[PDB]
$ cat target_2.cif   # mmCIF, C-alpha atoms and all ligand atoms
data_model
loop_
_atom_site.group_PDB
_atom_site.id
_atom_site.type_symbol
_atom_site.label_atom_id
_atom_site.label_comp_id
_atom_site.auth_asym_id
_atom_site.auth_seq_id
_atom_site.Cartn_x
_atom_site.Cartn_y
_atom_site.Cartn_z
ATOM 1 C CA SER A 42 100.195 93.529 116.291
ATOM 2 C CA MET A 43 97.146 95.711 117.077
ATOM 3 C CA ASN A 44 95.496 95.720 120.522
ATOM 4 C CA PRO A 45 92.081 94.079 120.757
ATOM 5 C CA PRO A 46 89.039 96.264 121.404
ATOM 6 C CA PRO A 47 88.735 96.794 125.132
ATOM 7 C CA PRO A 48 86.159 94.863 127.101
ATOM 8 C CA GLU A 49 82.664 96.269 126.484
ATOM 9 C CA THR A 50 81.245 98.729 129.046
ATOM 10 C CA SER A 51 77.807 99.169 127.323
ATOM 11 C CA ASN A 52 75.445 96.571 125.860
ATOM 12 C CA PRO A 53 71.728 97.127 125.831
ATOM 13 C CA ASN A 54 71.153 93.356 125.416
ATOM 14 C CA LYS A 55 72.864 92.629 128.718
ATOM 15 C CA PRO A 56 70.612 92.766 131.795
ATOM 16 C CA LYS A 57 71.573 94.972 134.763
ATOM 17 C CA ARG A 58 70.344 96.414 138.054
ATOM 18 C CA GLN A 59 71.580 98.559 140.912
ATOM 19 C CA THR A 60 72.237 96.777 144.198
ATOM 20 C CA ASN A 61 73.691 98.064 147.478
ATOM 21 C CA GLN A 62 76.616 95.677 146.934
ATOM 22 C CA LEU A 63 77.360 97.142 143.494
ATOM 23 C CA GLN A 64 77.127 100.684 144.965
ATOM 24 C CA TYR A 65 79.648 99.619 147.643
ATOM 25 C CA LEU A 66 81.953 98.145 144.983
ATOM 26 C CA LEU A 67 82.026 101.563 143.260
ATOM 27 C CA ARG A 68 81.937 103.969 146.195
ATOM 28 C CA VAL A 69 84.244 102.035 148.505
ATOM 29 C CA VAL A 70 86.133 99.239 146.749
ATOM 30 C CA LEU A 71 87.060 100.824 143.395
ATOM 31 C CA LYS A 72 87.619 104.214 145.057
ATOM 32 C CA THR A 73 90.087 102.802 147.600
ATOM 33 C CA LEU A 74 92.013 100.735 145.007
ATOM 34 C CA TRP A 75 92.110 103.556 142.420
ATOM 35 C CA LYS A 76 94.082 105.914 144.671
ATOM 36 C CA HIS A 77 96.636 103.365 145.884
ATOM 37 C CA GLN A 78 100.172 104.356 144.904
ATOM 38 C CA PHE A 79 100.441 101.079 142.868
ATOM 39 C CA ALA A 80 97.145 101.473 140.967
ATOM 40 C CA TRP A 81 98.379 103.181 137.807
ATOM 41 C CA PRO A 82 99.323 100.081 135.689
ATOM 42 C CA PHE A 83 95.834 98.689 136.333
ATOM 43 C CA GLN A 84 93.863 101.880 135.538
ATOM 44 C CA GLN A 85 93.529 101.124 131.790
ATOM 45 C CA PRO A 86 93.797 98.147 129.481
ATOM 46 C CA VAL A 87 97.293 96.679 128.795
ATOM 47 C CA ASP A 88 98.543 98.511 125.708
ATOM 48 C CA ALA A 89 100.816 95.811 124.305
ATOM 49 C CA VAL A 90 101.900 98.087 121.448
ATOM 50 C CA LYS A 91 103.096 100.827 123.872
ATOM 51 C CA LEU A 92 104.729 98.228 126.135
ATOM 52 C CA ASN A 93 106.211 96.223 123.224
ATOM 53 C CA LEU A 94 104.759 92.860 124.309
ATOM 54 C CA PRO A 95 104.061 90.949 121.074
ATOM 55 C CA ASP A 96 102.916 87.899 123.061
ATOM 56 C CA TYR A 97 100.555 89.528 125.602
ATOM 57 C CA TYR A 98 97.269 88.804 123.878
ATOM 58 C CA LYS A 99 98.435 85.280 122.930
ATOM 59 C CA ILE A 100 98.842 84.489 126.605
ATOM 60 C CA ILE A 101 96.100 86.647 128.159
ATOM 61 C CA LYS A 102 92.858 85.800 126.378
ATOM 62 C CA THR A 103 90.478 87.472 128.888
ATOM 63 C CA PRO A 104 92.041 90.948 129.542
ATOM 64 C CA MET A 105 90.555 93.056 132.320
ATOM 65 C CA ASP A 106 91.536 96.235 134.134
ATOM 66 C CA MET A 107 90.191 98.764 136.678
ATOM 67 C CA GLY A 108 89.459 101.432 134.004
ATOM 68 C CA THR A 109 86.996 98.977 132.482
ATOM 69 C CA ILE A 110 85.583 98.034 135.889
ATOM 70 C CA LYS A 111 85.140 101.704 136.742
ATOM 71 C CA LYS A 112 83.181 102.353 133.567
ATOM 72 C CA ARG A 113 81.105 99.191 134.078
ATOM 73 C CA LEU A 114 80.173 100.288 137.622
ATOM 74 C CA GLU A 115 79.499 103.937 136.591
ATOM 75 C CA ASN A 116 77.459 102.870 133.474
ATOM 76 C CA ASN A 117 75.377 100.246 135.356
ATOM 77 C CA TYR A 118 76.693 97.312 133.283
ATOM 78 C CA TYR A 119 76.462 94.678 136.018
ATOM 79 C CA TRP A 120 73.660 92.422 137.229
ATOM 80 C CA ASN A 121 75.328 91.503 140.476
ATOM 81 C CA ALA A 122 78.372 91.855 142.721
ATOM 82 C CA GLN A 123 79.739 88.506 141.580
ATOM 83 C CA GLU A 124 80.111 89.773 137.991
ATOM 84 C CA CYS A 125 82.223 92.751 139.221
ATOM 85 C CA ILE A 126 84.282 90.683 141.699
ATOM 86 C CA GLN A 127 85.023 88.207 138.857
ATOM 87 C CA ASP A 128 86.409 91.094 136.754
ATOM 88 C CA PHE A 129 88.768 92.074 139.646
ATOM 89 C CA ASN A 130 89.845 88.490 140.042
ATOM 90 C CA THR A 131 90.493 88.151 136.255
ATOM 91 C CA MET A 132 92.610 91.277 136.418
ATOM 92 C CA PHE A 133 94.772 89.957 139.295
ATOM 93 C CA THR A 134 95.042 86.445 137.855
ATOM 94 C CA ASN A 135 96.086 87.766 134.390
ATOM 95 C CA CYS A 136 98.957 89.682 136.005
ATOM 96 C CA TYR A 137 100.115 86.589 137.919
ATOM 97 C CA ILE A 138 99.860 84.420 134.802
ATOM 98 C CA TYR A 139 101.699 86.810 132.463
ATOM 99 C CA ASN A 140 104.477 87.832 134.861
ATOM 100 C CA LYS A 141 106.839 86.000 137.257
ATOM 101 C CA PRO A 142 106.575 85.594 141.040
ATOM 102 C CA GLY A 143 108.252 88.534 142.813
ATOM 103 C CA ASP A 144 108.282 90.820 139.703
ATOM 104 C CA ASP A 145 107.518 94.422 140.643
ATOM 105 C CA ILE A 146 104.201 94.292 138.719
ATOM 106 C CA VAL A 147 103.176 91.178 140.648
ATOM 107 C CA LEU A 148 104.025 92.807 144.030
ATOM 108 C CA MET A 149 101.887 95.767 142.977
ATOM 109 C CA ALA A 150 98.986 93.472 141.982
ATOM 110 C CA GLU A 151 99.411 91.580 145.282
ATOM 111 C CA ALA A 152 99.170 94.871 147.304
ATOM 112 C CA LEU A 153 95.983 95.846 145.495
ATOM 113 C CA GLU A 154 94.566 92.338 145.888
ATOM 114 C CA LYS A 155 95.215 92.306 149.665
ATOM 115 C CA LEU A 156 93.251 95.542 149.977
ATOM 116 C CA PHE A 157 90.607 94.210 147.679
ATOM 117 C CA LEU A 158 90.068 91.132 149.824
ATOM 118 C CA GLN A 159 89.881 93.258 153.028
ATOM 119 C CA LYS A 160 87.159 95.290 151.275
ATOM 120 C CA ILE A 161 85.179 92.283 149.951
ATOM 121 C CA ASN A 162 85.218 90.697 153.442
ATOM 122 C CA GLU A 163 83.209 93.816 154.472
ATOM 123 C CA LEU A 164 80.731 93.486 151.591
ATOM 124 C CA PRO A 165 77.371 94.552 152.965
ATOM 125 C CA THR A 166 74.360 92.235 152.948
ATOM 126 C CA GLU A 167 72.087 92.559 149.906
ATOM 127 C CA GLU A 168 69.268 94.844 151.074
HETATM 128 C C1 LIG B 201 99.199 95.391 134.782
HETATM 129 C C2 LIG B 201 100.084 94.489 133.958
HETATM 130 N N1 LIG B 201 100.019 93.116 133.848
HETATM 131 O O1 LIG B 201 101.035 92.664 132.883
HETATM 132 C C3 LIG B 201 101.660 93.857 132.459
HETATM 133 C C4 LIG B 201 102.674 93.823 131.370
HETATM 134 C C5 LIG B 201 101.140 94.924 133.101
HETATM 135 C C6 LIG B 201 101.647 96.283 132.985
HETATM 136 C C7 LIG B 201 100.771 97.291 132.695
HETATM 137 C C8 LIG B 201 101.269 98.605 132.589
HETATM 138 O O2 LIG B 201 100.430 99.596 132.341
HETATM 139 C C9 LIG B 201 102.639 98.904 132.751
HETATM 140 C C10 LIG B 201 103.501 97.861 133.017
HETATM 141 C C11 LIG B 201 104.997 98.147 133.258
HETATM 142 O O3 LIG B 201 105.755 97.211 132.480
HETATM 143 C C12 LIG B 201 105.334 98.038 134.755
HETATM 144 C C13 LIG B 201 104.633 98.835 135.699
HETATM 145 C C14 LIG B 201 105.008 98.818 137.058
HETATM 146 C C15 LIG B 201 106.074 98.065 137.498
HETATM 147 C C16 LIG B 201 106.792 97.238 136.593
HETATM 148 C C17 LIG B 201 106.403 97.220 135.210
HETATM 149 C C18 LIG B 201 103.010 96.532 133.139
#
$ encode --input "target_2.cif" --output "structure tokens" --more "lines below"
Ligand SMILES: Cc1noc(C)c1-c1cc(O)cc([C@H](O)c2ccccc2)c1
Amino acid sequence: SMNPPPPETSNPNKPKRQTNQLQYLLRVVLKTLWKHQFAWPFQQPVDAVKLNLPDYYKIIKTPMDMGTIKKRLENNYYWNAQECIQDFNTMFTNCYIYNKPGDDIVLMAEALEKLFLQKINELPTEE
């Protein structure tokens, strides 16, 4: 079956603003995760056709990935840090839901998530 359209990264009817926390999420958080050796499966949407996973989009109803997050940060899609953090969390949770504990893909997601949480603990104050 065909892949769904990817999550939107532009919508003029969505409100948005720049905040120092959103700048940090791009310049520090995304940047650090993007270059991790285990980033590559998370850098674009799951292509279930390419991966031959007929069931993926029956199980994962709210797909998210770092390619989408990157474009949302770069294109000023977000209103606040919480919206972006939620996208990261959806990405990690989808991987844990779809796959099994201890699978390679899960260990990769877990390594990224550990870093992610280190980085979010250093989220600057809104200023
Ligand atoms: C990410 C992710 N969450 O569920 C799936 C499936 C993926 C996923 C996304 C991809 O681009 C590639 C793969 C691939 O099968 C794999 C990569 C590394 C180690 C083990 C396997 C899985």
$ axis_aligned_box --input "target_2.cif" --around "ligand LIG 201 (chain B)" --padding-each-side "4 Å" --output "JSON"
{"center_x": 103.0, "center_y": 96.1, "center_z": 134.4, "size_x": 15.6, "size_y": 14.9, "size_z": 14.1}
$ resolve_selection --input "target_2.cif" --expression "the PyMOL selection byres (((chain A and resi 76-85) around 10) and not hetatm)" --output "PDB file with C-alpha atoms, in the frame of the given file"
ATOM      1  CA  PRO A  47      88.735  96.794 125.132  1.00  0.00           C
ATOM      2  CA  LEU A  71      87.060 100.824 143.395  1.00  0.00           C
ATOM      3  CA  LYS A  72      87.619 104.214 145.057  1.00  0.00           C
ATOM      4  CA  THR A  73      90.087 102.802 147.600  1.00  0.00           C
ATOM      5  CA  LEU A  74      92.013 100.735 145.007  1.00  0.00           C
ATOM      6  CA  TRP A  75      92.110 103.556 142.420  1.00  0.00           C
ATOM      7  CA  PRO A  86      93.797  98.147 129.481  1.00  0.00           C
ATOM      8  CA  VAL A  87      97.293  96.679 128.795  1.00  0.00           C
ATOM      9  CA  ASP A  88      98.543  98.511 125.708  1.00  0.00           C
ATOM     10  CA  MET A 105      90.555  93.056 132.320  1.00  0.00           C
ATOM     11  CA  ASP A 106      91.536  96.235 134.134  1.00  0.00           C
ATOM     12  CA  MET A 107      90.191  98.764 136.678  1.00  0.00           C
ATOM     13  CA  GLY A 108      89.459 101.432 134.004  1.00  0.00           C
ATOM     14  CA  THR A 109      86.996  98.977 132.482  1.00  0.00           C
ATOM     15  CA  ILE A 110      85.583  98.034 135.889  1.00  0.00           C
ATOM     16  CA  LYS A 111      85.140 101.704 136.742  1.00  0.00           C
ATOM     17  CA  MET A 132      92.610  91.277 136.418  1.00  0.00           C
ATOM     18  CA  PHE A 133      94.772  89.957 139.295  1.00  0.00           C
ATOM     19  CA  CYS A 136      98.957  89.682 136.005  1.00  0.00           C
ATOM     20  CA  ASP A 145     107.518  94.422 140.643  1.00  0.00           C
ATOM     21  CA  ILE A 146     104.201  94.292 138.719  1.00  0.00           C
ATOM     22  CA  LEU A 148     104.025  92.807 144.030  1.00  0.00           C
ATOM     23  CA  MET A 149     101.887  95.767 142.977  1.00  0.00           C
ATOM     24  CA  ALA A 150      98.986  93.472 141.982  1.00  0.00           C
ATOM     25  CA  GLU A 151      99.411  91.580 145.282  1.00  0.00           C
ATOM     26  CA  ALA A 152      99.170  94.871 147.304  1.00  0.00           C
ATOM     27  CA  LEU A 153      95.983  95.846 145.495  1.00  0.00           C
ATOM     28  CA  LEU A 156      93.251  95.542 149.977  1.00  0.00           C
TER      29      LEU A 156
END
$ atom_distance --input "target_2.cif" --atom1 "atom CA of residue 98 of chain A" --atom2 "atom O1 of ligand LIG 201 (chain B)"
10.5 Å
$ atom_distance --input "target_2.cif" --atom1 "atom CA of residue 147 of chain A" --atom2 "atom CA of residue 130 of chain A"
13.6 Å
$ closest_residue --input "target_2.cif" --among "A:51, A:64, A:135, A:123" --to "ligand LIG 201 (chain B)" --atoms "only C-alpha atoms and all ligand atoms"
A:135
$ closest_residue --input "target_2.cif" --among "A:93, A:166, A:159, A:116" --to "ligand LIG 201 (chain B)" --atoms "all atoms listed in the file"
A:93
$ atom_distance --input "target_2.cif" --atom1 "atom CA of residue 103 of chain A" --atom2 "atom CA of residue 128 of chain A"
9.6 Å
$ residues_around --input "target_2.cif" --residues "residue 90 of chain A" --least-positions-apart "3" --cutoff "10 Å" --atoms "all atoms listed in the file" --output "ChimeraX atom specification"
/A:42-44,87,93-95,97
$ resolve_selection --input "target_2.cif" --expression "the PyMOL selection byres (((chain A and resi 61) around 10) and not hetatm)" --output "PyMOL selection string"
chain A and resi 59-60+62-67+121-122+164-168
$ closest_residue --input "target_2.cif" --among "A:131, A:140, A:119, A:52" --to "ligand LIG 201 (chain B)" --atoms "all atoms listed in the file"
A:140
